Each structure stands twice: as structure tokens, then as C-alpha cells.
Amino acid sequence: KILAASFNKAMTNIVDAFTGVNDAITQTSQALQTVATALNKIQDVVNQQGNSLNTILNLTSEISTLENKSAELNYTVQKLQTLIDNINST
């Protein structure tokens, strides 16, 4: 029964660790959204200064790629949570 006790201890820490990883993925999702936003504001001002100086700054796809990736990480966060719960049931 050294094995069964070791297994539950392992599973408990494996569950906590995937929970920690899940947070890092969350913080990364948010950091990525924050960047998308920064590119957004940059896109505005630089194009306004480009209009008062009268090259177009176009970051729309970079912006949308980043908000998509950010959403994708959220899917992962959800799918991971399901798996974490499953691990916890053993």
C-alpha cells in the first residue's frame, strides 16, 4: 500500500500543478489581450499623426490574431479544467 499512498499524493500534486499551469495560461491570455489593445491604440495615434503630416499603419490582422490566440488559450484553460477534474476523481 506504499504505492496507493504514493499515487494519491502524486495525483494531488499533479492536480495542483496543472492548476498552477492553468493560471499561467490565464495570465498569458490576458497579457496577450493587453498587447492586442496596445497595438490598437498605437494604430490610432500613429495614423492620426500620419493624417496631420498631410505610410498607413495597419495592424488590424495582428490585432485580430492576438485576440484569437488569447481566446484559444481560454479554450485550453477550460479543456484543462475538465481534465484536471478527471484527474482529481481518481
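Counting begins at 1, following the sequence as shown.
- In the deposited sequence, the stretch from residue 54 to residue 55 hides 10 or more residues that have no coordinates.
- Comparing 8-16 with 70-78, the higher mean C-alpha B-factor in the PDB entry belongs to 8-16.
- Annotation for residue 58: C-alpha temperature factor in the lowest third relative to the rest of the modelled chain, per the entry.
- When the CA B factors of the chain's modelled residues are split into thirds, the value for residue 27 lands in the middle one.
- In the PDB entry, a CA B factor belonging to the lowest third of its chain's modelled residues is recorded for residue 40.
- Ranked against the other modelled residues of its chain, the C-alpha B-factor of residue 48 as given in the entry falls in the highest third.
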